[PDB]
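Below is one structure, written out as structure tokens, with a few remarks after it.
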Amino acid sequence: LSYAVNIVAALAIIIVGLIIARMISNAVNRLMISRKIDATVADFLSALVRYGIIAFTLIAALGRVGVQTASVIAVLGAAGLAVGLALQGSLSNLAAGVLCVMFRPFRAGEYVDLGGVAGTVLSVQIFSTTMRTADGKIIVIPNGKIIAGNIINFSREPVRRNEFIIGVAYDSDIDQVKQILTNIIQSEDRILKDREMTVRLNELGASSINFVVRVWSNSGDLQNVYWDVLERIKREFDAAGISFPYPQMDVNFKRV
Amino acid sequence: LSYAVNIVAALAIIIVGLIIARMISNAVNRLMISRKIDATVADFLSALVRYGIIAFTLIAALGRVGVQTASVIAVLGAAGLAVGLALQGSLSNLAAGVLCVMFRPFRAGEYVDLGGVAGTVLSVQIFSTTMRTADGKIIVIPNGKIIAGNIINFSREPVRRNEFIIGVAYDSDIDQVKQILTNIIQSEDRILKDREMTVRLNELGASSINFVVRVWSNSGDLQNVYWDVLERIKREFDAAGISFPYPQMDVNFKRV
Amino acid sequence: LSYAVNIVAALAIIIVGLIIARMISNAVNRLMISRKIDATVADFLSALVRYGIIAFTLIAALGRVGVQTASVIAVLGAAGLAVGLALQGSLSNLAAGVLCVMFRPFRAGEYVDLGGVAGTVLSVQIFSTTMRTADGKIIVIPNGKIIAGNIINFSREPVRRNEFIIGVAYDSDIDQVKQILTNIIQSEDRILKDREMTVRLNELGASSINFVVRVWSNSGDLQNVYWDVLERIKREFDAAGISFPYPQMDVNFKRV
Amino acid sequence: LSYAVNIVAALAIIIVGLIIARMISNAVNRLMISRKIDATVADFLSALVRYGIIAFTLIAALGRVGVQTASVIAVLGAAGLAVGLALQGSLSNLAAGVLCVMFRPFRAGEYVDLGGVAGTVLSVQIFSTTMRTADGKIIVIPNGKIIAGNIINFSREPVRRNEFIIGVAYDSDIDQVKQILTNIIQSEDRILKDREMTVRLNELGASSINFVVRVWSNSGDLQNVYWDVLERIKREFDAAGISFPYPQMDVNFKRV
Amino acid sequence: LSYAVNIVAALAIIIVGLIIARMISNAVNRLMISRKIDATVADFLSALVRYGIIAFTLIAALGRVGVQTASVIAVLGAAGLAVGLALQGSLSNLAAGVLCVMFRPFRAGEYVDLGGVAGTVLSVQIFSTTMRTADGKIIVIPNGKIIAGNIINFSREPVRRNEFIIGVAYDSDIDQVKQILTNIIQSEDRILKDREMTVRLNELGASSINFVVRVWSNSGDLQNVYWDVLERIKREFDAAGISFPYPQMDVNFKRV
Amino acid sequence: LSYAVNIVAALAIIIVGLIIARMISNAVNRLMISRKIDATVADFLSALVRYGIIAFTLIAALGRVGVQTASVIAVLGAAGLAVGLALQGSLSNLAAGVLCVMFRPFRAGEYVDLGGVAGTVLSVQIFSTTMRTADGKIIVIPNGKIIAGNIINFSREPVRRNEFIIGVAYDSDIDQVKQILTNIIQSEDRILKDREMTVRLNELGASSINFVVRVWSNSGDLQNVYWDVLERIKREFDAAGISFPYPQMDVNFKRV
Amino acid sequence: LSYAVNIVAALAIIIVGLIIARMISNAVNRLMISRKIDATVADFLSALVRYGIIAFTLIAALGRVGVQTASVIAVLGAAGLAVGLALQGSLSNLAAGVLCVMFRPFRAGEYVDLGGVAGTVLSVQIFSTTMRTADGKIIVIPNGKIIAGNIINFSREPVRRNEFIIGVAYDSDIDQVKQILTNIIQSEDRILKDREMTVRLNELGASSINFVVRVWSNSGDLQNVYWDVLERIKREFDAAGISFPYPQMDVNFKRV
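Chains as they are written, first to last, in the entry's author numbering: chain D, 25 to 280; chain C, 25 to 280; chain B, 25 to 280; chain A, 25 to 280; chain G, 25 to 280; chain F, 25 to 280; chain E, 25 to 280.
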């Protein structure tokens, strides 16, 4: 049984191969990390060399025990293929992960809409991103889904814009409405005066004349500015004699 | 018939091969489990070595009965392919399974919305997850579907937020509404006072002035707090003289 | 024509091959069935060995009539491929079949919603499942579709939950409504008293105060409990002086 | 030009090959049809042997005119591939065809809903099924589409169920409504008395109390039973003093 | 440079090959057309032989100028692949074309609904079908789209069916309505009397009792029969004292 | 280093190869354009020969510097594949481009609906088509999208058809309405009198009797004819005493 | 160990190969950039030569350490494949990037609708485009998504068109309405008088006669022209006695 020495040689090749592979791959993503690339892309690109070198080792090692070479390429091919399928979704998500962290279309703490759902971003991880809905629900979105959909970011821009739509009665003084509204926004300090300040008759409506007011503020103020400016419009308009109309209807009577 | 000895040799290879395969594979996911990896990933990765080694055995064993080697790679290729298709959905679900249990974006007992349907999670299994709808229906969702869709988790966060929208009549005192609402929530102990406490005029409405109240509570209290605070608003508002308006209509008569 | 003896040898190989194949495959799923596996998985896995072995036979048999070996792998490859396509849908459905019978996410006789359609399950067969809609229509759903969609099962759970929404007039006594409702459900024996018994003011509505009542019952009783508890609410509420309001409207007259 | 004898030999192989192929294939689906299999599946499976054998013939025939063997596998591979694409839809439809005829989830003459469209089935053919809409439109649905969608079959079940929803005025006697309805259905012979006979107060409605009546009849009677039972309810209810209410509205006047 | 004779031989092979290919292919679809097959299928199947034979020619011709054979299979493979992609949509449409013309699920001149759009068919061409919308728009639909979608054909059936829904006031005589309607349709000659003639009380409605009338006519008459029968119902109903009701409303006054 | 002469020979082959390739390809689509084919199809088919011939050159050229032949097929295969993906969308659009220009289902200047969006076509280019919306927006649609969707062409047909729907009061004379409408359209010269001229009672409506008028005109006139015929109907109907009704309502009073 | 010299030779090949690759590739996209092509397309096409040449180097280098050549094509094939998947989305986006910058269907600063979302474009980068919504949200859209969807460009066209729809009461003078509207737009300088100026009775409406006015202006003016022309219509119409009607209703009383 002097051809049972190849069994021992097969092992030798595997152990030497496993080590030679482990040390090259370590010594490659030592190189990559020292350049800059990116921790994950390093580990990934690296772990391909690793699994590649032990793929060569398996071919030559089995090969000394008469395993036909072109059967190892085939079996390992299949093996790899079966893994490949099972993972993929992951691989795809893993990649989106990188992209998101290395392009920061949103960063942790920004409020964003990631395709129907919107919340404050907490953390982008390997496969999935975590946000917290204004009301306290937690949503976990797959990195893959995020990256191939639109990213609406409420917070990256420093100055944003409220739009009021106020409806008043048809017999209201057009000039009077404009003046009161203009004088409300003029006096509000939180409204940026060096930007758009549109007060205008916008829509001849169903039962109301509809005025549009659009004014810019710092992103932080936007919410409070809206509320404060509204309370105001309502108060002033009442004291000034302008009517917010209920729904109207001309009825045309007929005794029968 | 001295070339009918190869038939006997073919069997020998198969039995030795089946055993040698069965004991390597066992001896691999012995190693994996002892590290940490994950029971399932172990069994899976392992069972690939297993089926791989008996793939080699089949090649060499048939090969001694003149089965052309490159016809075994082909036949087994097809066989594997046919299985591959038939399973897949499963494989994909199996993988989602792992991910879900080893990332716990939801754990058993959390209430969650898994893409349109929502219930309390019971158990994540091989291919499919089981939840119980608040009313007692059981839903079985495929692990695969779950993982590639958004996961809304109502329960992982410890503190959550009710939003009331209360409509009052246009001739109601703005300041009075705010005070009563503010004094209701101020006194409710279950409302977390160190967080958001928004009471504000929010919408000039169709037939009602709409106030928005938003207050935070422990996740457990949220449901009862809502109901209790509502009963309250209704009672106080009535005793205080504030009217929840019916739908309005100005009618403008015309005899014809 | 002494090279026309190979034609005779070709047949010999085919007949011996067909038989050798038929008897291994039989003798394999004899083994599988005797373990436990599953009748279909057996027949399937088995029928792959069968068609595999006669694939080898065809290669070697044609091969003795100078059919280039690597042309047989090719032709049979194509043949298999063409079949593969034509079936697949089937294969996919066949597999779903197994899963459904060997996981019983629904069993025959349970009422279920299988992605938009819902009915009482009759029988899960090879490719397709049969249910009967409450009203008598028969639906035939492909096993494949079922398994990759949500499965809502109305019947597996033994206790379920009705939700009534009752609207009463704004000027109705809040305490009185709660008491009558509570006293209706308290007295109904079919309502499980050791579970949720929610009677509460839920919605300040358009033209009605809306109370929500939620009570649990055995799955069998659920339908009759609802109807009986409703008839009751209506009767009691009338005799007690509480009004279910018609839609309301404040009209504000104007002679023109 | 003694190497121009191979041209003549090439032809010989083709003619012999075409014939040998044509007579095996005939002689295979003679066998299949004599077992039972199915006329179409036979022709198909058969026609694969046919085109397979002439594929071998083409390889060896061209091969004697120095056409490199592994170029024929390649060219024919491409040819086949180009056909494959062009057909497929067909192939898929052809297969659905079989399944439909050999499982009769609907048979000719049954009224069915095949994914949004519904009509009386006329005939299932090679690729496409033909139904006639109740009103006389003809619809041609691809067999493929049919098989991968739900099949709703109105006609296979012998007994089916009407549901009436009747709305009466709030001040109507609950007991009186139940009795009249019950006495209508009790007397109707076409209503199967040994099955469900539900008459019940079902919905406290907008402007009507809504009763649900559900009764079973033979599939033939279902349409006429509905109409006849309706005419009846209307007549009896009127003569008995029960009012089908018009839409209601409480209006609350305000001089301004 | 006596190895520069192969360049001349290469050309010879190409010219002879191009001609030998052009003349076989012509001589094949001469055969096909003389059987019956189908002008397009012939040209297609033929043009595959054509491009196949010149594929062999290119392999052997380049091969005498030392172009490694298995590089030609590769390059041409790619070339073909690139074409394949660019065309396909076409190929698919070309195939649908054939099917449509050789199954006439609609013929030129029939009015049909081809998945949302409907018009009178003009002409089915290579890739695309042309219809004319009742109002004069032209629509060009891809043959491929057509074939994989439902085909609704308004015109292939010779007799079709109108459905009138007529609403009359609740206090209208049920018997009188039925008689007038029945007597209208009885007298209309264009209504096929040997088929369905349904006049019945169908819906207890919002503000109207709704009668359904359904009557069959030749496909040509269907439009005019509807209009004529309608004008009629309106006239008769008026002269007979039956009221088509306006929308109703019971209003319940409240001085406040 | 007399084996460093192959490096020089490698270059020679590449330069000769690049030229020989460049001059065949030029000399091929010289031929194609001189027949008729199509400028783009020529350049494309041509540019495949070009890149094909330099693919052969690269194989043999590298091959003289010991680059294993079957590694060049592989590397170039990958390279081509990576390009292939990156382009494709383009390739697909490029092909649609051709089809559109060489079938003119719409030509520049026609108004068309290309799947939801509609505008006047400006120019069809390589990948993308440009249209101008009636109001002045520019839309750029990918050629690929266009070709696989329906093409609605408003302009290719020379004569088109308006449909008026006019609602009059229930107590209006049916005959009078028809006559006035008929006499309006009879007198309008721009209405084609040799085509459809439908004036008819079409719908017994909610609060109006609805008449349908349908009349054909040249494509240019269609818009103006509609407007002019409308103004007319309104004027005549008023002067003739026919009422366009406001929405109706029978109210049924109840003191409470 | 004189066969441990090949290890040293292996390294030599890699270093020489890496350099020879680095300097060809640099020297290729030196050439491309100097022509014109496109900075990105150059780097890409170039980086394929680069990775190709080191692919050859790896084959021959490993090959001198007995790594079977056809195992390197295989391993690297897999490696490449795994990368290929992980990237792709990127590759696709990268390509769309190019196309967008080198066709400028929108340029930075134009307002555009990119499939549902619309904003002012800021910058098109490698994979993703950034726009700013009128109100200050930032949207990040993948280049890939953009290129395969419609591109609506509000700004590339220099002159655009407002459409007013004004509703007046039925008893308003048709001629008077046309004149006032015509005289408003006639006098507005910002309205381009050499283009469309449509003032016309367009719709006989529910409770209003609806006039359509359509007038063209410079793209800059469009917004202000609309607002200014509206305020105007409202003012003039009031002073001139034309009534914008409230919703109408003929009510037909019935004492009960």
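Built from N, CA and C at the ideal position, the CB exists for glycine as well.
_Rounded Cβ spacing between residue 166 of chain D and residue 147 of chain D (contact assumed at less than 8 Å)_ = Not quite, the Cβ-Cβ distance comes to about 14 Å (not below 8 Å), so this is no contact.
_Could you check whether the region 172-192 of chain C touches the region 195-203 of chain B, counting it as contact only if at least three pairs of C-beta atoms, one from each stretch, sit closer than 8 Å?_
Taking 8 Å as the limit for Cβ pairs, the verdict is that the region 195-203 of chain B does not touch the region 172-192 of chain C.
*asked:* Tell me which residues share the same chain as residue 85 of chain F and place their Cβ nearer than 7 Å to its Cβ, disregarding the 5 neighbours each side in the sequence.
replied: Here the set comprises 34, 37, 38 and 41.
_Classify residue 27 of chain G: buried if its beta carbon has 16 or more other beta carbons within 10 angstroms, exposed otherwise._
Residue 27 of chain G counts as exposed, since fewer than 16 other beta carbons sit within 10 angstroms of its beta carbon.
_Proximity test, Cβ basis, 8 Å: residue 278 of chain G and chain A_ = Judged by the 8 Å Cβ criterion, residue 278 of chain G is in contact with chain A.
*Starting from the Cα of residue 281 of chain C, find the closest Cα among B:220, B:267, B:194 and B:259 and give me that residue.*
In the structure displayed, chain C extends from 25 to 280; residue 281 of chain C sits before or after that span and is not available.
*Rounded distance between the beta-carbons of residue 255 of chain D and residue 225 of chain C, thought under 8 Å*: Sure, about 5 Å apart at Cβ, within 8 Å.
*Run down chain F in chain order and give the residues with a C-beta less than 9 Å from the C-beta of residue 194 of chain E.*
Residues of chain F whose Cβ lies closer than 9 Å to the Cβ of residue 194 of chain E are, in chain order, 258, 262, 268 and 270.
*Coarse secondary structure for residue 58 of chain D, derived from DSSP in three states*: Annotated three-state conformation of residue 58 of chain D is helix, per DSSP.
*asked:* Per the DSSP calculation, residue 144 of chain G is bridged to which residue(s)?
replied: According to DSSP, residue 144 of chain G shares a beta bridge with G:135 and G:156.
*Excluding the five sequence neighbours on either side, which residues of its own chain have a C-beta within less than 8 Å of the C-beta of residue 93 of chain B, listed in chain order?*
The residues are 83 and 87.
*Just checking my contact of residue 133 of chain C with residue 125 of chain C at CB under 8 Å: how many whole Å lie between their CB atoms?*
The beta-carbon separation of residue 133 of chain C and residue 125 of chain C, rounded to 14 Å, does not stay under the 8 Å limit for a contact.
*Report yes if the C-beta of residue 67 of chain F is less than 7 Å from at least one heavy atom of the ligand MG; otherwise report no.*
Looking at this structure, you won't find the ligand MG or any other ligand, since it has none at all.
*May I ask you to list the residues that DSSP assigns as paired with residue 272 of chain A?*
Per DSSP, the beta-bridge partners of residue 272 of chain A are G:274.
*Quick one: list the residues of chain B neighbouring residue 255 of chain C, beta-carbon separation under 8 Å, in chain order.*
Under the 8 Å cutoff, chain B gives 198, 224 and 225.
*DSSP puts residue 235 of chain F in a beta bridge; with which residues?*
Per DSSP, the beta bridge partners of residue 235 of chain F are F:190 and F:225.
*Quick one, which residues of the region 108-133 of chain G are near chain F if we go by CB-CB under 8 Å, in chain order?*
Going along the region 108-133 of chain G in chain order, one finds 109, 110, 111, 113 and 114 with a Cβ nearer than 8 Å to chain F.
*Kindly indicate the opening and closing residues of the alpha helix (DSSP H) around residue 257 of chain B.*
Run containing residue 257 of chain B: 246-264, per the alpha helix (DSSP H) assignment.
_Unbroken beta strand (DSSP E) run spanning residue 162 of chain G, endpoints_ = Where residue 162 of chain G is concerned, the enclosing beta strand (DSSP E) stretches over 162-166.
*Just reading off the beta strand (DSSP E) that residue 177 of chain F is part of, what are its end residues?*
Its beta strand (DSSP E) spans residues 175-177.
*Contact between the region 54-64 of chain C and the region 115-122 of chain C: three or more CB pairs below 8 Å?*
Using a Cβ-Cβ distance cut-off of 8 Å, the region 54-64 of chain C and the region 115-122 of chain C are in contact, since at least three pairs of beta carbons, one from each stretch, lie closer than that value.
*Hey, how far is the Cα of residue 227 of chain E from the Cα of residue 191 of chain C?*
Straight across, the Cα-Cα distance linking residue 227 of chain E with residue 191 of chain C is about 37 Å.
*asked:* So with CB distances below 7 Å, who are the chain I contacts of residue 275 of chain G?
replied: In the structure shown, chain I does not exist; the protein chains are D, C, B, A, G, F and E.
*At what residues does the alpha helix (DSSP H) containing residue 92 of chain B begin and finish?*
In this chain, residue 92 of chain B is not harboured by any alpha helix (DSSP H), its DSSP state being neither H nor E.
*Name the chain C residues that come within less than 9 Å of residue 54 of chain B, Cβ to Cβ?*
Chain C residues near residue 54 of chain B: none, gap ~17 Å exceeds 9 Å.
_residue 128 of chain E, DSSP secondary structure in three states_ = Of the three classes helix, strand and coil, the one that applies to residue 128 of chain E here is coil, per DSSP.
*May I have the straight-line CA-CA distance separating residue 180 of chain B from residue 105 of chain E, to the nearest angstrom?*
Computed Cα separation, rounded: 46 Å.
*Can you give me the start and stop residues for the alpha helix (DSSP H) that residue 210 of chain D sits inside?*
198-211 is the extent of the alpha helix (DSSP H) around residue 210 of chain D.
*Output yes if chain E places a C-beta closer than 8 Å to the C-beta of residue 92 of chain F; else output no.*
Yes, residue 92 of chain F counts as interfacial toward chain E.
_So residue 251 of chain C contacts chain B; which residues on that side make the cut at Cβ distance below 8 Å?_
224, 225 and 226, listed in chain order.
*CB of residue 89 of chain A within 8 Å of CB of residue 31 of chain A, strictly*: A contact, by the Cβ cut-off of 8 Å.
_Distance, residue 238 of chain B Cα to residue 162 of chain D Cα_ = The straight-line gap from Cα to Cα measures roughly 27 Å.
*Classification of residue 219 of chain A by the beta-carbon crowding that lies within 10 angstroms, buried from 16 upward*: Burial call: exposed.
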